[PDB]
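One chain comes next, on its own, written out as structure tokens in the form deposited in one PDB entry.
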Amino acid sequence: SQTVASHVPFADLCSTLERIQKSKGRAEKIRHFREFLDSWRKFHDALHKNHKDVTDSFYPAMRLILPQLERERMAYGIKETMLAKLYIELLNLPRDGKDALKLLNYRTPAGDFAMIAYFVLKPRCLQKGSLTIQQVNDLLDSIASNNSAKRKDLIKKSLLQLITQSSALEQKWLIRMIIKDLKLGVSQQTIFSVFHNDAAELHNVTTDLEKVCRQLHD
């Protein structure tokens, strides 16, 4: 294809986020996030060596890592109650049953909704993962668009297209990307710091003495 995100599976990002949040202390979280950046540039290089000059923009992933900074999309219009209904009827859950009961309780304490839905969604599985980062971004684009058109029908439709092709883990992190709080235990400007420091460290500014002369002279 034409972008790196079209080839990176959403399961890679969800994996990185899962071990980031599971990691204690910042060293490990930064280390996993950096593992994801290195995997990203690795995909870029593989695509180049298969004669696919793609862009290496990290924005398709950064918009999912920092959803509260999402600004090209509009509001999804998805509240936690909506997803509660969606998952009750999707898995044919009995109303007033144990799992649905847990789903309707709106405890806002890091035991958020996404962990509840993931707890119910771990026993009953799904065909692992099949979507890439770009396809997830396209479906979220569609949810924000349908919401901008005041079309809850199509919001539930696109959301179901996301859910039926995402593993339980992928849905756990998808919910957090919709609600716009990932609970990673790492700060936004820490992610920005590692993102800039990575590129800066790996850049190796090759000394160019003539260039340097023209620089200090002006």
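By rigid core we mean the largest C-alpha set that fits within 1.5 Å across both forms. Numbering starts at 1 and follows the sequence shown.
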Do a third or more of the other compared PDB entries fail to give coordinates for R124?
no
Check: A110 without coordinates in a third or more of other entries:
yes
Please figure out whether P109 and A110 are truly consecutive in the deposited sequence or have unmodelled residues between them, and give none, 1 to 3, 4 to 9, or 10 or more.
4 to 9
Do the CA atoms of 123-131 or those of 140-148 have the higher mean B-factor in the entry?
123-131
When mean C-alpha B-factors in the record are compared for 35-43 and 180-188, the larger belongs to 180-188
Relative C-alpha B-factor of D198, binned into the chain's lowest, middle or highest third
lowest
Quick check for you: using the entry's CA B-factors within this chain, is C14 in the lowest, middle or highest third?
middle
For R71, the third of its chain by CA B-factor is the middle
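What comes next is about the form deposited with a partner chain bound, which is not displayed.
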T55, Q161, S193, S39 - the one with a heavy atom within 4.5 Å of its partner chain in the entry with it bound
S39
Just one of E35, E70, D181, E28 has a heavy atom within 4.5 Å of its partner chain in the entry with it bound. Which one?
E35
Of the listed stretches (41-49, 166-174, 185-193, 62-70), which one has a non-hydrogen atom within 4.5 Å of its partner chain in the entry with it bound?
41-49
According to a 4.5 angstroms non-hydrogen atom cut-off, is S23 in contact with its partner chain in the entry with it bound?
no
Would you please decide whether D198 lies within 4.5 angstroms of its partner chain in the entry with it bound, comparing each non-hydrogen atom pair?
no
Quick one: is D12 in contact with its partner chain in the entry with it bound, heavy atoms, 4.5 Å cut-off?
yes
Comparing between this form and the one not shown on the core: of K180, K152, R34, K52, the CA moving 2 angstroms or more sits at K52
Flag for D198, CA shift 2 Å or larger between this form and the one not shown after aligning core:
yes
Versus the form shown, are the CA atoms of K29 and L202 closer or farther apart in the entry with it bound, given a shift of 3 angstroms or more?
farther
Since the CA distance of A199 and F192 differs by 3 Å or more in the entry with it bound, is it closer or farther than in the form displayed?
closer
